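Raw contents of run.pdb, PDB, C-alpha atoms (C1' of nucleotides):
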ATOM      1  CA  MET A   1      20.442  94.503  20.353
ATOM      2  CA  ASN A   2      18.893  95.087  16.948
ATOM      3  CA  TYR A   3      17.518  98.532  17.670
ATOM      4  CA  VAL A   4      14.342  99.017  15.668
ATOM      5  CA  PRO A   5      12.543 102.212  14.614
ATOM      6  CA  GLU A   6       9.196 102.716  16.305
ATOM      7  CA  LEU A   7       7.629 102.914  12.853
ATOM      8  CA  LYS A   8       8.995  99.471  12.062
ATOM      9  CA  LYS A   9       7.605  98.151  15.341
ATOM     10  CA  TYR A  10       4.194  99.697  14.656
ATOM     11  CA  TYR A  11       4.131  98.350  11.110
ATOM     12  CA  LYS A  12       5.172  94.819  12.014
ATOM     13  CA  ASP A  13       2.880  94.506  15.008
ATOM     14  CA  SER A  14      -0.348  96.038  13.683
ATOM     15  CA  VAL A  15      -0.380  97.199  10.090
ATOM     16  CA  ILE A  16       0.296  93.775   8.600
ATOM     17  CA  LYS A  17      -2.730  92.369  10.408
ATOM     18  CA  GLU A  18      -5.112  95.229   9.628
ATOM     19  CA  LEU A  19      -4.159  95.187   5.949
ATOM     20  CA  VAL A  20      -4.486  91.395   5.715
ATOM     21  CA  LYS A  21      -7.988  91.630   7.150
ATOM     22  CA  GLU A  22      -8.908  94.722   5.132
ATOM     23  CA  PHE A  23      -7.729  93.381   1.758
ATOM     24  CA  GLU A  24      -8.335  89.626   2.270
ATOM     25  CA  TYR A  25      -4.798  88.831   1.116
ATOM     26  CA  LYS A  26      -4.157  85.100   0.993
ATOM     27  CA  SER A  27      -0.511  85.114   2.101
ATOM     28  CA  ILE A  28       1.042  87.365   4.687
ATOM     29  CA  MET A  29       3.670  89.352   2.805
ATOM     30  CA  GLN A  30       1.336  90.056  -0.045
ATOM     31  CA  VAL A  31       0.963  93.009   2.368
ATOM     32  CA  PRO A  32       2.462  96.247   0.999
ATOM     33  CA  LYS A  33       5.636  97.709   2.461
ATOM     34  CA  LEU A  34       8.088 100.513   1.714
ATOM     35  CA  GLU A  35      11.225  99.972  -0.359
ATOM     36  CA  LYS A  36      12.785 103.408  -0.786
ATOM     37  CA  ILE A  37      12.275 107.121  -0.243
ATOM     38  CA  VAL A  38      13.932 109.418  -2.774
ATOM     39  CA  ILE A  39      14.469 113.050  -1.793
ATOM     40  CA  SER A  40      15.321 115.157  -4.824
ATOM     41  CA  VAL A  41      16.055 118.825  -5.390
ATOM     42  CA  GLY A  42      16.601 120.404  -8.780
ATOM     43  CA  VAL A  43      18.730 123.534  -8.773
ATOM     44  CA  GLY A  44      19.087 124.534 -12.397
ATOM     45  CA  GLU A  45      20.492 127.872 -11.241
ATOM     46  CA  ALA A  46      23.521 126.033  -9.872
ATOM     47  CA  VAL A  47      24.922 126.394 -13.392
ATOM     48  CA  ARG A  48      25.607 129.966 -12.351
ATOM     49  CA  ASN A  49      25.776 129.643  -8.564
ATOM     50  CA  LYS A  50      27.906 126.848  -7.156
ATOM     51  CA  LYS A  51      27.069 128.062  -3.653
ATOM     52  CA  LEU A  52      23.412 127.194  -4.249
ATOM     53  CA  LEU A  53      24.257 123.590  -5.072
ATOM     54  CA  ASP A  54      26.714 123.234  -2.198
ATOM     55  CA  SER A  55      24.174 124.652   0.249
ATOM     56  CA  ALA A  56      21.464 122.319  -1.042
ATOM     57  CA  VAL A  57      23.721 119.280  -0.684
ATOM     58  CA  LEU A  58      24.754 120.254   2.834
ATOM     59  CA  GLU A  59      21.209 121.045   3.952
ATOM     60  CA  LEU A  60      20.062 117.672   2.635
ATOM     61  CA  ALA A  61      22.830 116.108   4.700
ATOM     62  CA  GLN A  62      21.609 117.796   7.879
ATOM     63  CA  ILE A  63      17.969 116.981   7.100
ATOM     64  CA  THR A  64      18.434 113.267   6.478
ATOM     65  CA  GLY A  65      21.692 112.075   7.981
ATOM     66  CA  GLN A  66      23.467 110.724   4.915
ATOM     67  CA  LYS A  67      25.336 112.554   2.184
ATOM     68  CA  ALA A  68      23.723 113.457  -1.140
ATOM     69  CA  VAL A  69      24.692 112.870  -4.764
ATOM     70  CA  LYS A  70      24.706 115.597  -7.395
ATOM     71  CA  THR A  71      23.071 114.330 -10.569
ATOM     72  CA  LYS A  72      24.173 115.537 -13.985
ATOM     73  CA  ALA A  73      22.490 116.806 -17.128
ATOM     74  CA  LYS A  74      21.157 113.940 -19.215
ATOM     75  CA  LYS A  75      20.939 116.186 -22.278
ATOM     76  CA  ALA A  76      22.478 119.503 -23.273
ATOM     77  CA  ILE A  77      19.622 121.970 -23.750
ATOM     78  CA  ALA A  78      19.480 125.650 -24.645
ATOM     79  CA  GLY A  79      16.150 126.801 -23.219
ATOM     80  CA  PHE A  80      17.688 126.518 -19.767
ATOM     81  CA  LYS A  81      21.130 126.915 -21.407
ATOM     82  CA  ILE A  82      22.225 123.532 -20.090
ATOM     83  CA  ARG A  83      25.456 121.830 -21.118
ATOM     84  CA  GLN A  84      25.382 118.046 -20.900
ATOM     85  CA  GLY A  85      27.098 116.685 -17.812
ATOM     86  CA  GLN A  86      26.766 119.768 -15.623
ATOM     87  CA  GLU A  87      25.729 119.439 -11.988
ATOM     88  CA  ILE A  88      22.013 120.223 -11.916
ATOM     89  CA  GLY A  89      20.328 118.225  -9.163
ATOM     90  CA  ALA A  90      20.936 116.546  -5.836
ATOM     91  CA  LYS A  91      19.240 113.506  -4.343
ATOM     92  CA  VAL A  92      19.311 111.190  -1.342
ATOM     93  CA  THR A  93      17.985 107.643  -1.027
ATOM     94  CA  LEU A  94      16.632 106.337   2.274
ATOM     95  CA  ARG A  95      16.121 102.613   2.828
ATOM     96  CA  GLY A  96      15.478 100.308   5.748
ATOM     97  CA  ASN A  97      15.828 101.649   9.263
ATOM     98  CA  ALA A  98      16.960 105.099   8.147
ATOM     99  CA  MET A  99      13.990 105.231   5.786
ATOM    100  CA  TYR A 100      11.506 104.390   8.534
ATOM    101  CA  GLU A 101      13.055 106.821  11.000
ATOM    102  CA  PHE A 102      13.090 109.672   8.491
ATOM    103  CA  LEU A 103       9.485 109.090   7.509
ATOM    104  CA  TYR A 104       8.502 109.137  11.186
ATOM    105  CA  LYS A 105      10.412 112.373  11.774
ATOM    106  CA  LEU A 106       8.775 113.935   8.732
ATOM    107  CA  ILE A 107       5.172 112.956   9.393
ATOM    108  CA  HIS A 108       5.208 113.821  13.075
ATOM    109  CA  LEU A 109       7.418 116.890  13.110
ATOM    110  CA  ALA A 110       8.131 118.646   9.822
ATOM    111  CA  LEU A 111       4.748 118.520   8.114
ATOM    112  CA  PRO A 112       3.284 120.222  11.228
ATOM    113  CA  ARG A 113       5.722 123.131  10.882
ATOM    114  CA  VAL A 114       4.631 124.128   7.355
ATOM    115  CA  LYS A 115       2.963 127.472   6.713
ATOM    116  CA  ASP A 116      -0.770 126.952   6.166
ATOM    117  CA  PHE A 117      -0.317 123.192   6.368
ATOM    118  CA  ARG A 118      -3.763 121.789   5.566
ATOM    119  CA  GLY A 119      -2.781 118.247   4.660
ATOM    120  CA  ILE A 120      -1.358 116.795   1.470
ATOM    121  CA  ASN A 121      -3.240 116.136  -1.760
ATOM    122  CA  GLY A 122      -4.332 112.522  -1.450
ATOM    123  CA  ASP A 123      -4.194 112.105  -5.215
ATOM    124  CA  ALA A 124      -0.521 112.607  -6.157
ATOM    125  CA  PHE A 125      -0.230 108.921  -7.022
ATOM    126  CA  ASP A 126       1.438 107.733 -10.212
ATOM    127  CA  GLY A 127      -1.094 104.918 -10.519
ATOM    128  CA  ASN A 128       1.394 102.335  -9.253
ATOM    129  CA  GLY A 129       1.696 102.979  -5.532
ATOM    130  CA  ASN A 130       4.408 105.646  -5.734
ATOM    131  CA  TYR A 131       3.546 108.893  -3.956
ATOM    132  CA  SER A 132       5.457 112.040  -4.891
ATOM    133  CA  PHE A 133       4.850 115.490  -3.450
ATOM    134  CA  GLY A 134       6.717 118.687  -2.731
ATOM    135  CA  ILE A 135       7.797 120.825   0.223
ATOM    136  CA  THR A 136       8.575 124.434  -0.583
ATOM    137  CA  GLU A 137      10.367 125.623   2.597
ATOM    138  CA  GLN A 138      13.009 123.261   3.975
ATOM    139  CA  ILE A 139      13.078 125.428   7.097
ATOM    140  CA  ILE A 140      10.120 123.376   8.330
ATOM    141  CA  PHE A 141      12.702 120.825   9.457
ATOM    142  CA  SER A 142      14.011 121.974  12.831
ATOM    143  CA  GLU A 143      17.293 120.188  12.092
ATOM    144  CA  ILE A 144      18.607 123.029   9.927
ATOM    145  CA  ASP A 145      19.254 126.428  11.482
ATOM    146  CA  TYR A 146      17.697 129.521   9.943
ATOM    147  CA  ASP A 147      20.746 131.790   9.922
ATOM    148  CA  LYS A 148      23.041 129.711   7.710
ATOM    149  CA  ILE A 149      20.628 129.288   4.792
ATOM    150  CA  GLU A 150      21.646 131.131   1.640
ATOM    151  CA  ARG A 151      18.307 130.885  -0.184
ATOM    152  CA  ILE A 152      14.946 129.395   0.784
ATOM    153  CA  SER A 153      14.533 126.151  -1.123
ATOM    154  CA  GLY A 154      12.089 123.330  -1.718
ATOM    155  CA  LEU A 155      12.386 119.674  -2.549
ATOM    156  CA  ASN A 156      10.386 116.711  -3.817
ATOM    157  CA  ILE A 157       9.733 113.475  -1.932
ATOM    158  CA  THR A 158       8.924 110.173  -3.620
ATOM    159  CA  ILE A 159       7.770 107.179  -1.580
ATOM    160  CA  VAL A 160       8.044 103.830  -3.362
ATOM    161  CA  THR A 161       5.739 101.048  -2.208
ATOM    162  CA  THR A 162       5.398  97.385  -3.094
ATOM    163  CA  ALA A 163       1.715  98.006  -3.826
ATOM    164  CA  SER A 164       0.308  97.211  -7.254
ATOM    165  CA  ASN A 165      -2.146 100.131  -7.149
ATOM    166  CA  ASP A 166      -2.912 103.429  -5.465
ATOM    167  CA  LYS A 167      -5.608 102.099  -3.137
ATOM    168  CA  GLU A 168      -3.181  99.849  -1.275
ATOM    169  CA  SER A 169      -0.572 102.564  -0.779
ATOM    170  CA  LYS A 170      -3.137 105.132   0.321
ATOM    171  CA  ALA A 171      -4.467 102.641   2.861
ATOM    172  CA  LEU A 172      -0.950 101.967   4.143
ATOM    173  CA  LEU A 173      -0.176 105.674   4.401
ATOM    174  CA  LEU A 174      -3.451 106.348   6.213
ATOM    175  CA  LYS A 175      -2.657 103.554   8.669
ATOM    176  CA  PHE A 176       0.692 105.288   9.133
ATOM    177  CA  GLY A 177      -1.348 108.424   9.804
ATOM    178  CA  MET A 178      -0.067 110.493   6.904
ATOM    179  CA  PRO A 179      -1.937 113.826   6.940
ATOM    180  CA  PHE A 180      -3.725 113.695   3.615
ATOM    181  CA  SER A 181      -5.809 116.768   2.882
ATOM    182  CA  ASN A 182      -9.227 115.124   2.824
TER     183      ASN A 182
ATOM    184  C1'   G B   1      69.995 147.421 -63.438
ATOM    185  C1'   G B   2      63.921 145.031 -69.398
ATOM    186  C1'   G B   3      69.741 149.008 -71.191
ATOM    187  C1'   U B   4      70.804 143.817 -72.901
ATOM    188  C1'   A B   5      70.561 138.166 -73.027
ATOM    189  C1'   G B   6      68.832 133.170 -72.165
ATOM    190  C1'   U B   7      63.873 131.019 -70.848
ATOM    191  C1'   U B   8      59.410 129.709 -68.240
ATOM    192  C1'   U B   9      54.301 130.891 -68.058
ATOM    193  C1'   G B  10      50.259 123.024 -66.600
ATOM    194  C1'   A B  11      46.342 119.760 -67.762
ATOM    195  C1'   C B  12      41.249 118.132 -67.784
ATOM    196  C1'   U B  13      37.373 120.716 -70.831
ATOM    197  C1'   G B  14      30.801 118.073 -75.346
ATOM    198  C1'   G B  15      36.167 123.702 -79.722
ATOM    199  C1'   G B  16      39.233 127.253 -76.910
ATOM    200  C1'   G B  17      38.898 131.243 -73.332
ATOM    201  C1'   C B  18      36.267 132.657 -68.577
ATOM    202  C1'   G B  19      34.516 129.763 -64.412
ATOM    203  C1'   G B  20      35.318 125.201 -61.815
ATOM    204  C1'   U B  21      38.371 121.004 -60.645
ATOM    205  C1'   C B  22      43.303 118.099 -59.434
ATOM    206  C1'   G B  23      45.279 113.982 -53.068
ATOM    207  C1'   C B  24      42.594 110.937 -49.584
ATOM    208  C1'   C B  25      37.789 108.961 -47.076
ATOM    209  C1'   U B  26      31.804 107.544 -47.035
ATOM    210  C1'   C B  27      27.245 106.564 -49.786
ATOM    211  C1'   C B  28      24.401 106.377 -54.535
ATOM    212  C1'   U B  29      24.877 105.789 -59.800
ATOM    213  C1'   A B  30      27.015 100.044 -59.937
ATOM    214  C1'   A B  31      22.565  96.129 -63.413
ATOM    215  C1'   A B  32      22.268  91.035 -55.531
ATOM    216  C1'   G B  33      31.068  88.312 -55.823
ATOM    217  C1'   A B  34      35.195  91.869 -57.181
ATOM    218  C1'   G B  35      35.761  95.933 -60.480
ATOM    219  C1'   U B  36      33.367  99.784 -63.639
ATOM    220  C1'   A B  37      32.922 106.094 -66.449
ATOM    221  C1'   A B  38      30.888 111.515 -67.049
ATOM    222  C1'   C B  39      32.107 119.166 -65.800
ATOM    223  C1'   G B  40      26.595 112.562 -62.637
ATOM    224  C1'   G B  41      23.902 113.034 -57.447
ATOM    225  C1'   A B  42      25.027 114.187 -51.618
ATOM    226  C1'   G B  43      29.044 114.935 -47.727
ATOM    227  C1'   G B  44      33.758 115.045 -45.270
ATOM    228  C1'   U B  45      39.209 115.894 -44.751
ATOM    229  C1'   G B  46      45.394 118.067 -44.228
ATOM    230  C1'   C B  47      42.934 116.386 -37.044
ATOM    231  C1'   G B  48      41.711 115.457 -31.914
ATOM    232  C1'   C B  49      42.967 112.542 -27.177
ATOM    233  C1'   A B  50      48.698 111.517 -21.647
ATOM    234  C1'   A B  51      43.090 109.608 -22.216
ATOM    235  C1'   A B  52      38.859 110.141 -25.503
ATOM    236  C1'   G B  53      44.957 104.630 -25.074
ATOM    237  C1'   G B  54      45.714  99.360 -22.287
ATOM    238  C1'   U B  55      43.309  96.036 -18.764
ATOM    239  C1'   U B  56      39.952  94.409 -14.719
ATOM    240  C1'   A B  57      35.221  94.862 -12.522
ATOM    241  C1'   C B  58      30.288  96.795 -12.484
ATOM    242  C1'   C B  59      26.176  99.186 -14.946
ATOM    243  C1'   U B  60      22.143 100.683 -19.711
ATOM    244  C1'   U B  61      19.946 104.704 -22.878
ATOM    245  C1'   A B  62      16.388 107.878 -26.048
ATOM    246  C1'   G B  63      11.098 108.528 -26.657
ATOM    247  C1'   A B  64       5.860 108.438 -25.065
ATOM    248  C1'   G B  65       2.619 108.405 -20.841
ATOM    249  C1'   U B  66       2.148 109.311 -15.587
ATOM    250  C1'   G B  67       2.918 111.873 -10.128
ATOM    251  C1'   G B  68       5.885 116.277  -8.586
ATOM    252  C1'   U B  69       9.130 123.697  -4.830
ATOM    253  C1'   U B  70       9.826 127.518  -8.446
ATOM    254  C1'   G B  71       9.532 124.029 -13.360
ATOM    255  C1'   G B  72       6.845 126.199 -18.286
ATOM    256  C1'   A B  73       6.234 121.503 -24.262
ATOM    257  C1'   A B  74      11.063 120.310 -22.557
ATOM    258  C1'   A B  75      16.108 120.538 -16.731
ATOM    259  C1'   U B  76      16.397 116.926 -11.954
ATOM    260  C1'   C B  77      13.404 112.588  -9.240
ATOM    261  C1'   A B  78      10.034 108.043  -9.335
ATOM    262  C1'   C B  79       6.973 104.239 -11.955
ATOM    263  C1'   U B  80       4.517 101.853 -16.458
ATOM    264  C1'   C B  81       4.789 100.695 -21.631
TER     265        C B  81
END

Spit out the file's structure as C-alpha cells when you get a sec.
Amino acid sequence: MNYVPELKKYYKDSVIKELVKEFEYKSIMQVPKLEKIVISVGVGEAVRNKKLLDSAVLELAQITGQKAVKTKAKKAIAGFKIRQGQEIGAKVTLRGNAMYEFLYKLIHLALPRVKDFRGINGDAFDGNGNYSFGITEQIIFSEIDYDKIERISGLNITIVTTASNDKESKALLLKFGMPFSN
RNA sequence: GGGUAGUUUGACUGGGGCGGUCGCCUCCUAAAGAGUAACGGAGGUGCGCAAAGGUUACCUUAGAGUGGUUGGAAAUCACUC
C-alpha cells in the first residue's frame, strides 16, 4: 500500500478540479501545487550559547520528524560580531508526503494553539507565490514538552508553490483552509 | 691592561655632512615584441598550510529588490532581476 496523506487525497480529488474551473486553465497540471516547505530559525546568539543552537535543532527535530541542518555565516560582520563560517541558523526542508502531513498538522492543530491567534496576514506574499510568515512561540506545537525548553523561541515558515503569482497561491491556500486573517 | 703597538671605521648622494637607501616580488613611468634610468610615483616581503597538498565526484557566489520571531540599513530562510 502506498499510504497517502489525507491532504494529498483532498488535493488530488477536489482542489485540482475547483482550481481548473476557477482559473479556466487549459491543461490539468497547469494547476498549482506545493514543492517545498522551509522551516528556518536564526539564532545569532548561538555564537555565545551553544545550548541555544542545540536546543533549537532538537526542537525542530521533534516538531517535524526529520533532522535539521545548521547553516553558517555567509559573511563575517561586526555589528552582530559575526565571524564567517560560524553556526548561526538552523533549517529543515519538507517535501512530498512529509510536507503534506506537516502542513496538515500545522493548519489544524498548531495555529489553533497560538496566543491571540486571529488568523495570518493574507499579504505576506513575495509576489511569486511563496508565502513566508512567522511563529513566535514553538510551544504551540503539542509535540514538544514544556519542561525541557531552555528558552522560548520562534521560527519562520516559507511555503513554495508552483504558482506564477500571489492570486493562485492564495486561492490554493484558501481551498486548503489556511486561516488567513481576513 | 690606550701604559704601549699594529690597524679598521662602506658606498650611493644634483659638493660633502645630516637624513634616507642597499636583497627579492607586483604595477606605473616604459613611447602597443623583449629590454630601458632618476634620492620618479604606489605597495609587499625574510612566511603560512599534515591540508590551505594529491585525486575522484558533486555544487556556485556578491549586490539590488521582495516576503519574514526578536531582526534594526545589514545575520539566517525563500523568490525575481

Could you list the residues in chain B lying within 12 Å of chain A, using all atoms listed in the file, and format the result as a count of residues only? 18

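Note that CA of residue 101 in chain A and CA of residue 145 in chain A are 20.6 Å apart.
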
List the residues matched by the PyMOL selection byres ((chain B and resi 24-28) around 8) in the displayed structure as a PyMOL selection string, ordered by chain and then by residue number. chain B and resi 23+29+41+43-45

Determine the nearest neighbour of residue 173 in chain A from the options A:139, A:107, A:48, A:3, counting only C-alpha atoms.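 Closest candidate: A:107.
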
Give the centre and edge lengths of an axis-aligned box, in Å to one decimal, that holds all listed atoms of range 23-42 of chain B with 4 Å on each side, as JSON.
{"center_x": 33.8, "center_y": 103.7, "center_z": -57.0, "size_x": 31.0, "size_y": 38.9, "size_z": 28.0}

Report, in Å with one decimal, the straight-line distance from CA of residue 31 in chain A to CA of residue 181 in chain A.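 Distance reported for this atom pair: 24.7 Å.
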
On this structure, which residues satisfy the PyMOL selection byres ((chain B and resi 38) around 12), written as a PyMOL selection string? chain B and resi 13-14+29+37+39-41

For residue 151 in chain A, which residue out of A:13, A:54, A:168, A:35 is the nearest one, using all atoms listed in the file?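 The answer is A:54, which sits nearest to residue 151 in chain A.
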
Using Å and a single decimal, report how far CA of residue 36 in chain A sits from CA of residue 95 in chain A.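 CA of residue 36 in chain A lies 5.0 Å from CA of residue 95 in chain A.
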